[PDB]
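Participant: Pasting a structure here, questions to come.
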Amino acid sequence: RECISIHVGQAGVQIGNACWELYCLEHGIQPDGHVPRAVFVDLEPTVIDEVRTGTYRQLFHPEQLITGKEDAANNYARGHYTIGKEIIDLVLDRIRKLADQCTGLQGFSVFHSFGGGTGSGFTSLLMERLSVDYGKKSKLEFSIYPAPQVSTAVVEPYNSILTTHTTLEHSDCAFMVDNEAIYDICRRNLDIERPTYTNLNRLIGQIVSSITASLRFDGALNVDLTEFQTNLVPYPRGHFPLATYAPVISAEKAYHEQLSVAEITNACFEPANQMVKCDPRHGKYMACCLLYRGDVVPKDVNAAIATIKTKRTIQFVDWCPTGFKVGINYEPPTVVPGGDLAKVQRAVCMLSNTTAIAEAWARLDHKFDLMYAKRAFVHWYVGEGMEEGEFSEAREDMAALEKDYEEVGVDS
Amino acid sequence: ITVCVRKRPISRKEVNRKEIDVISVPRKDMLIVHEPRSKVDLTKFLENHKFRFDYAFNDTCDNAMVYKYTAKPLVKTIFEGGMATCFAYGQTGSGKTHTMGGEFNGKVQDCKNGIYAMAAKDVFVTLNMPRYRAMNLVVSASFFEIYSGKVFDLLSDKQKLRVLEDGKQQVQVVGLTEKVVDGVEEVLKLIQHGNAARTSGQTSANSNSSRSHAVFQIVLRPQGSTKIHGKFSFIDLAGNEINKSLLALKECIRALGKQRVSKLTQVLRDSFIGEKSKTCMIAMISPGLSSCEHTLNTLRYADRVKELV
Amino acid sequence: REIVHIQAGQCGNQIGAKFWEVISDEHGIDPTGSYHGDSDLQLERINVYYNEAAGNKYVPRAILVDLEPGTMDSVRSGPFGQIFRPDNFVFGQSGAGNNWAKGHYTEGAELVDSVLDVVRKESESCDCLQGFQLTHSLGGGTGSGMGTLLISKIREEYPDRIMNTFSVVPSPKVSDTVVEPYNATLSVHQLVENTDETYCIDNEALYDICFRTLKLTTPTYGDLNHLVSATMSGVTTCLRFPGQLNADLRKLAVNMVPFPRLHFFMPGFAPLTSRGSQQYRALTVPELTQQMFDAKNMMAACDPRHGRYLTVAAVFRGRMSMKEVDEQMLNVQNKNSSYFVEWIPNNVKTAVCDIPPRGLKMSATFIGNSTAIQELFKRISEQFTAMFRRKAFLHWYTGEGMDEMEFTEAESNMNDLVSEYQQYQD
């Protein structure tokens, strides 16, 4: 029934504090109410401390807040092997101590930031140690994969080609939200050149609320977590769909809010609104899980979608007749009291697997080579319990992820 | 498809009872039933009915003789790469177990004496022949029984097996144990083992019983092939679920000529479907007057089967 | 005579609450209370569903099987929830995963023995057992898998007593699950070969029949369930009442199944009029047959008008003329000679109880064995292949100790089952 969550890496923790905020906010549980149902991991104390100093301070147990005073290191190796190792046990312990206390759970919603040290590496083995300790569950990892041109870390790819290959054979469904492609939404669909990280977080903090929160919440067309991976992954590769939200209108500027279904659903497939720089440049969808929430008439959907199924310029895979999982919830969304999110009475958090990422992975793989081609910051990992193996052998890994996402599509 | 009939002689018990011998086999392929009958006035008269079979065996005929005419000609078929089946069909106590399993009024005894053993003997000899030797075949054997839609491995202590069918509709009995044999002696051991384990009721005073369907198979395998080079299934049928299987069996065999499911037909199905497959049916008859109704039932069933010929 | 209900899975369970919600009132049994029965006849035959212990506590003799606590802990924490003896609750706190394989081979297979245990404690209750009622959905774990096992075991333990199965076959238009055809095809398989009377209901055949035949605008589940439970009461319990011409599970079985498959029916209730207004009372009788025999009003998804019938059983329950009953049935059999199959001179099996549904004047349960249900297993079977072909969410099955030949098996089987059924439509 439940779904634990492990927010790993400063980012996964910032986003965590955010997604965790939106929660109580739409459940009437102020600062000090019940008890969360997740954990927080980081090898840099000062960040988890922000959850220990700032807002939502006492809504957590100093037990579900793991820290390694030591060093973060923007390098996979160190975070996965060398350092990150020391903490893992302890980490697990909570996701085994928190996993027990419950009643027939469904899985762990993992929150990490692909291209980091504590986020890429660590998790790599966290999800790793999970796939074995609970192979019998769902492993949906919600990632924030590398901005297409606006990356931060100098190594980023090293850290992301490595978190992909190690987690690939362990996740159930990996959700993806592109940090940059979300900015566009903040520039083009909300207008603000002042987007603090605290915003992107409010956003995913939204799209995510549509996943677990409301879905695990009764409705006219419930959709379990398992449901996802089933209706969402055509193949064992921990396939990565993309998150998209519909009413991303500004709560100040424009106001047409009352945008009946027929509209908000069409607003999902236009590439300028998908929290991912993977513009459907060719990527044929192969399965979409349209999660609606608020006042929505099933016919409105079983029509708004029909209209789409016949737009053709939206070309769905061949081997897939119908790939539209319609998830209907009741309670409308719940916008921050005064952030910058419109606040409509219905939304569409549609996520999907698109042959599109054939790109995004490509463009991120290429990156890697360029540097590896010169070993660039390699000495930083080797000296951290890794080898020419793990790199070269994780490169070959993704290679067959560029062929995979190619074969499962583009062909009939 | 070949169909034969074999009359067993009257046993000591029947003789002591002074049972009358109703059957005669005046020719190699002619069987006559001297049916006793009474008119309404109760006049006694004999309605002698005549049946013709590819081969009709008299009470004198030994198992070796019967084997020569029925099963023996099938062995080559497996080496040819085909699938052969031999069925013993008839009423309870007609002699089906005796013929297949070995000589015993109890239906249980000397394995060597029966068709399963004799067939095995020929399998080893042929494998050794020059045309065959190149084949580099391995011989495997299995023995299982079908009881109330359930399959039990006689080789593996009555272990209940599960039978599945694909969309393709090919059937497989998972868990069936195949044992490697390289000598007739080996096969005899397996037959003894399986026969001991065979299903039945309480220890009857005498004789075995045929609550089930017995099937001993000889398989030839190089490394697969057509899922094995060739296979011979010898079946000891239950006394004529049972009815459905028998009805099912008839249609499958007749289907063989041209090209209401049951477990037996399901397991055996691959043996009917292929082009290179042959079958022989041996109808067992108990000669006693008391059994006349049973015999006509057996004979008529036989006639329809051969009809396909 | 007797029977022992079986609430497999959540659905089958949720419905249990509605089947017992009803039935009880149709037998004057308050939560833990006894027989308040407005009459004295709603008691001489109760046994069929209860047991004598205290003297005011006639406890429903059903089984509650489920691998998800929360469920039974919602049914046991609500209304009539406190009437089942705790012994009845055979829970499986495990992960009630939505996998047919997880509730039939790996997780359910364990909880089974602790179930059969009770199914025997209840069977060996007293008097003579007739059969067991089975509720569940063929679109989940605890339903199709574990419940489909419960029977495969039951039918080995008493191949004598009957087995009615109430299945919530996967509705067309929209599937309330994703692997649905997986959990389904796999359970129908088990059904066609154990239970000998199945009543297939469709959550959307209900909506329709519940939103247009009952101007009901907000048909909550409770409702659907309620409507269904209304039919299963007319069937069983009902016939365990007097009647000019009464029948009982067997009659129903021995008049409705021409060929051993087991065949599935499609139940239909009689007076199905909206509350206030509609209360037309046009229930003389031609009005009930008018009802029952129309397309809409068949809890099934498929429409009878799309395929002959083999058998029909109008199990009426309310004082009427064995003439205006026996008669009507005829014209009906002649106005529609087209679809009613011919090699059965009298397809219809008229049944007639006396006492009607507590508050109503005249009703009549319909149990149709039409060849139309071919066009449903087709559906299901299709969905399978379209996804099996790509082994879609198959790893959740195999990874649970399953077989690639297991799925093959079921589809085929159930797929052939479609075939056969056509052998009569022609």
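Along the chain as shown, residues are numbered 1 onward.
Any Cβ shown, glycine's included, is placed from N, Cα and C.
Sharing the features that Swiss-Prot gives for it:
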- B:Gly90, B:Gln91, B:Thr92, B:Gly93, B:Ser94, B:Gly95, B:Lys96, B:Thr97: ATP binding site (BINDING)
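What's the neighbourhood like for each of these?
Facilitator: The Cβ of B:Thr92 (ATP binding site) has 18 neighbouring Cβ atoms from other residues within 10 Å, across all protein chains displayed.
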Participant: Taking the center of the Cβ atoms of B:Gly90, B:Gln91, B:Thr92, B:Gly93, B:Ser94, B:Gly95, B:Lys96, B:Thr97 at the recorded ATP site, which other residues in this chain have a Cβ no more than 8 Å from that point?
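Facilitator: For the ATP site the neighbour list reads B:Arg8, B:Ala88, B:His98, B:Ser210, B:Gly239, B:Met284, B:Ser286.
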Participant: Can you check what DSSP calls B:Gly90 (ATP binding site), collapsed to helix, strand or coil?
Facilitator: strand
Participant: I want to check the contact list for B:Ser94 (ATP binding site): same chain, sequence separation of six or more, C-beta distance under 8 angstroms. What comes out?
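Facilitator: The answer is B:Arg8, B:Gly239, B:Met284, B:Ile285, B:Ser286, B:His294, B:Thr298.
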Participant: Sorted by position, what residues of the same chain at least six away from B:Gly90 (ATP binding site) have a C-beta under 8 A from it?
Facilitator: B:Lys96, B:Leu237, B:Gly239, B:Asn240, B:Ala283, B:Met284, B:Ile285, B:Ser286, B:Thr298
Participant: Including all protein chains displayed, how many Cβ atoms other than that of B:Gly95 (ATP binding site) lie within 10 Å of its Cβ?
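Facilitator: So the Cβ neighbour count for B:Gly95 (ATP binding site) comes to 25.
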